[PDB]
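For reference, input20.pdb (PDB, C-alpha atoms):
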ATOM      1  CA  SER A   1      19.951   4.091  -9.477  1.00  0.00           C
ATOM      2  CA  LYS A   2      17.083   6.247  -8.216  1.00  0.00           C
ATOM      3  CA  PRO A   3      16.439   8.098  -4.919  1.00  0.00           C
ATOM      4  CA  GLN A   4      13.078   6.824  -3.669  1.00  0.00           C
ATOM      5  CA  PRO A   5      10.531   9.381  -2.437  1.00  0.00           C
ATOM      6  CA  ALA A   6      10.749  10.154   1.281  1.00  0.00           C
ATOM      7  CA  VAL A   7       7.638   8.221   2.308  1.00  0.00           C
ATOM      8  CA  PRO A   8       5.032  10.473   4.011  1.00  0.00           C
ATOM      9  CA  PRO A   9       2.930   9.956   7.190  1.00  0.00           C
ATOM     10  CA  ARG A  10       0.719   7.154   5.918  1.00  0.00           C
ATOM     11  CA  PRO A  11      -3.073   7.759   6.108  1.00  0.00           C
ATOM     12  CA  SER A  12      -4.731   7.696   9.513  1.00  0.00           C
ATOM     13  CA  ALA A  13      -5.271   4.033  10.423  1.00  0.00           C
ATOM     14  CA  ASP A  14      -8.969   4.867  10.644  1.00  0.00           C
ATOM     15  CA  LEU A  15      -9.433   6.150   7.081  1.00  0.00           C
ATOM     16  CA  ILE A  16      -7.485   3.025   6.198  1.00  0.00           C
ATOM     17  CA  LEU A  17      -9.944   1.066   8.301  1.00  0.00           C
ATOM     18  CA  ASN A  18     -12.471   2.846   6.101  1.00  0.00           C
ATOM     19  CA  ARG A  19     -10.657   1.963   2.865  1.00  0.00           C
ATOM     20  CA  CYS A  20      -8.872  -1.357   3.555  1.00  0.00           C
ATOM     21  CA  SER A  21      -9.400  -5.042   4.314  1.00  0.00           C
ATOM     22  CA  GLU A  22      -9.855  -6.446   7.819  1.00  0.00           C
ATOM     23  CA  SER A  23      -6.360  -7.873   7.348  1.00  0.00           C
ATOM     24  CA  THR A  24      -4.497  -4.568   6.997  1.00  0.00           C
ATOM     25  CA  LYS A  25      -6.868  -3.130   9.585  1.00  0.00           C
ATOM     26  CA  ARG A  26      -5.484  -5.634  12.090  1.00  0.00           C
ATOM     27  CA  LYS A  27      -2.131  -3.905  11.662  1.00  0.00           C
ATOM     28  CA  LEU A  28      -3.685  -0.589  12.687  1.00  0.00           C
ATOM     29  CA  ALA A  29      -7.131  -1.011  14.256  1.00  0.00           C
ATOM     30  CA  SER A  30      -6.285   2.147  16.200  1.00  0.00           C
ATOM     31  CA  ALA A  31      -8.442   4.636  14.307  1.00  0.00           C
ATOM     32  CA  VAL A  32      -8.594   8.338  15.201  1.00  0.00           C
TER
ATOM     33  CA  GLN B   1     -14.892 -16.946  -7.301  1.00  0.00           C
ATOM     34  CA  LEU B   2     -12.167 -14.314  -6.949  1.00  0.00           C
ATOM     35  CA  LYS B   3     -12.334 -10.539  -6.499  1.00  0.00           C
ATOM     36  CA  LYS B   4      -9.781  -7.815  -7.225  1.00  0.00           C
ATOM     37  CA  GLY B   5      -9.194  -4.184  -6.307  1.00  0.00           C
ATOM     38  CA  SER B   6      -6.704  -2.630  -8.720  1.00  0.00           C
ATOM     39  CA  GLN B   7      -3.051  -2.706  -9.792  1.00  0.00           C
ATOM     40  CA  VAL B   8       0.027  -0.478  -9.808  1.00  0.00           C
ATOM     41  CA  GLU B   9       3.598  -1.377 -10.763  1.00  0.00           C
ATOM     42  CA  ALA B  10       6.286  -0.368  -8.268  1.00  0.00           C
ATOM     43  CA  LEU B  11       9.362   1.777  -8.832  1.00  0.00           C
ATOM     44  CA  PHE B  12      11.242   2.040  -5.525  1.00  0.00           C
ATOM     45  CA  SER B  13      12.076  -0.388  -2.735  1.00  0.00           C
ATOM     46  CA  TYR B  14      10.034   0.951   0.175  1.00  0.00           C
ATOM     47  CA  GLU B  15      11.632   0.340   3.564  1.00  0.00           C
ATOM     48  CA  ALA B  16       8.842  -1.023   5.740  1.00  0.00           C
ATOM     49  CA  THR B  17       9.258  -0.195   9.429  1.00  0.00           C
ATOM     50  CA  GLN B  18       5.619  -0.347  10.533  1.00  0.00           C
ATOM     51  CA  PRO B  19       3.158  -3.293  10.271  1.00  0.00           C
ATOM     52  CA  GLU B  20       0.303  -2.069   8.032  1.00  0.00           C
ATOM     53  CA  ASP B  21       3.032  -0.620   5.806  1.00  0.00           C
ATOM     54  CA  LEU B  22       3.379  -3.036   2.899  1.00  0.00           C
ATOM     55  CA  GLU B  23       7.024  -3.442   1.918  1.00  0.00           C
ATOM     56  CA  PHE B  24       7.951  -3.799  -1.743  1.00  0.00           C
ATOM     57  CA  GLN B  25      11.109  -3.664  -3.860  1.00  0.00           C
ATOM     58  CA  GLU B  26      11.883  -1.542  -6.923  1.00  0.00           C
ATOM     59  CA  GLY B  27       9.807  -2.267 -10.017  1.00  0.00           C
ATOM     60  CA  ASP B  28       7.192  -4.699  -8.730  1.00  0.00           C
ATOM     61  CA  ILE B  29       3.693  -5.936  -9.491  1.00  0.00           C
ATOM     62  CA  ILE B  30       1.764  -5.627  -6.231  1.00  0.00           C
ATOM     63  CA  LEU B  31      -1.942  -6.401  -5.968  1.00  0.00           C
ATOM     64  CA  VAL B  32      -3.716  -3.169  -5.131  1.00  0.00           C
ATOM     65  CA  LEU B  33      -6.783  -4.149  -3.183  1.00  0.00           C
ATOM     66  CA  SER B  34      -8.198  -0.606  -3.283  1.00  0.00           C
ATOM     67  CA  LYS B  35      -7.592   3.110  -2.774  1.00  0.00           C
ATOM     68  CA  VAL B  36      -6.940   4.138   0.835  1.00  0.00           C
ATOM     69  CA  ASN B  37      -6.446   7.936   0.694  1.00  0.00           C
ATOM     70  CA  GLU B  38      -5.094   8.916  -2.744  1.00  0.00           C
ATOM     71  CA  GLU B  39      -1.538   9.160  -1.394  1.00  0.00           C
ATOM     72  CA  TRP B  40      -1.838   5.520  -0.315  1.00  0.00           C
ATOM     73  CA  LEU B  41      -3.845   2.379  -0.939  1.00  0.00           C
ATOM     74  CA  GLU B  42      -4.404  -1.197   0.193  1.00  0.00           C
ATOM     75  CA  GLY B  43      -1.617  -3.619  -0.545  1.00  0.00           C
ATOM     76  CA  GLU B  44      -1.857  -7.416  -0.508  1.00  0.00           C
ATOM     77  CA  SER B  45       1.274  -9.119  -1.852  1.00  0.00           C
ATOM     78  CA  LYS B  46       2.312 -12.671  -0.950  1.00  0.00           C
ATOM     79  CA  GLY B  47      -0.170 -13.924   1.649  1.00  0.00           C
ATOM     80  CA  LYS B  48       0.255 -10.601   3.432  1.00  0.00           C
ATOM     81  CA  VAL B  49      -2.080  -7.630   3.676  1.00  0.00           C
ATOM     82  CA  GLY B  50      -0.751  -4.126   4.166  1.00  0.00           C
ATOM     83  CA  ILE B  51      -0.628  -0.761   2.414  1.00  0.00           C
ATOM     84  CA  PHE B  52       1.642   1.499   0.391  1.00  0.00           C
ATOM     85  CA  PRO B  53       1.892   5.034  -1.058  1.00  0.00           C
ATOM     86  CA  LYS B  54       0.870   5.379  -4.705  1.00  0.00           C
ATOM     87  CA  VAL B  55       3.922   7.628  -5.139  1.00  0.00           C
ATOM     88  CA  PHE B  56       5.970   4.415  -5.272  1.00  0.00           C
ATOM     89  CA  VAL B  57       3.686   3.019  -7.961  1.00  0.00           C
ATOM     90  CA  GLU B  58       2.798   5.288 -10.884  1.00  0.00           C
ATOM     91  CA  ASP B  59       0.957   2.201 -12.112  1.00  0.00           C
ATOM     92  CA  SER B  60       1.231   0.551 -15.522  1.00  0.00           C
ATOM     93  CA  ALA B  61      -1.996  -1.383 -16.131  1.00  0.00           C
ATOM     94  CA  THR B  62      -4.991  -1.651 -13.799  1.00  0.00           C
TER
END
Rewritten as structure tokens:
Amino acid sequence: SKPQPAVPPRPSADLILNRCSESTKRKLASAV
Amino acid sequence: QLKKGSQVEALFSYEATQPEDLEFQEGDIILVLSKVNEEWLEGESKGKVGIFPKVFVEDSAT
């Protein structure tokens, strides 16, 4: 039993769009 | 051919509420496609592309 880490505000879709595949980008594709 | 980004074993079952957020269970072998912002990275596991926070994957062997 372990208490997972309170997930933080995931990277700005854009930087993700800058460091991810077009696939994941489709999930965001919001940028800014 | 086939390309690869990186790898990082999981440790906690991350509750995925958003799309891009790649959901994974405790102790898992996800396919890290790349680094996304240090605190997160690209995650493609099971014909599905998303992302996850490295905090849930101290990694084991890249």
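If you apply the ChimeraX specification (/B :<6) & /A to this structure, you end up with residues 4, 16, 19, 20, 23, 24 and 27 of chain A.
Here atom CA of residue 25 of chain B stands at a distance of 23.6 Å from atom CA of residue 12 of chain A.
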Nearby residues (all atoms listed in the file) at most 7 Å from residue 60 of chain B, same-chain spacing under 2 positions excluded, as a PyMOL selection string = chain B and resi 8-9+58+62
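Matched in the shown structure by the PyMOL selection byres ((chain A and resi 32) around 7): residues 12, 14, 30 and 31 of chain A.
Summary of the local environment: counting only C-alpha atoms, residues at most 12 Å from residue 61 of chain B, other than itself and those fewer than 5 positions away along its chain, are residues 6, 7, 8, 9, 10, 29, 30, 31 and 32 of chain B.
Counting from atom CA of residue 10 of chain A, the distance to atom CA of residue 59 of chain B is 18.7 Å.
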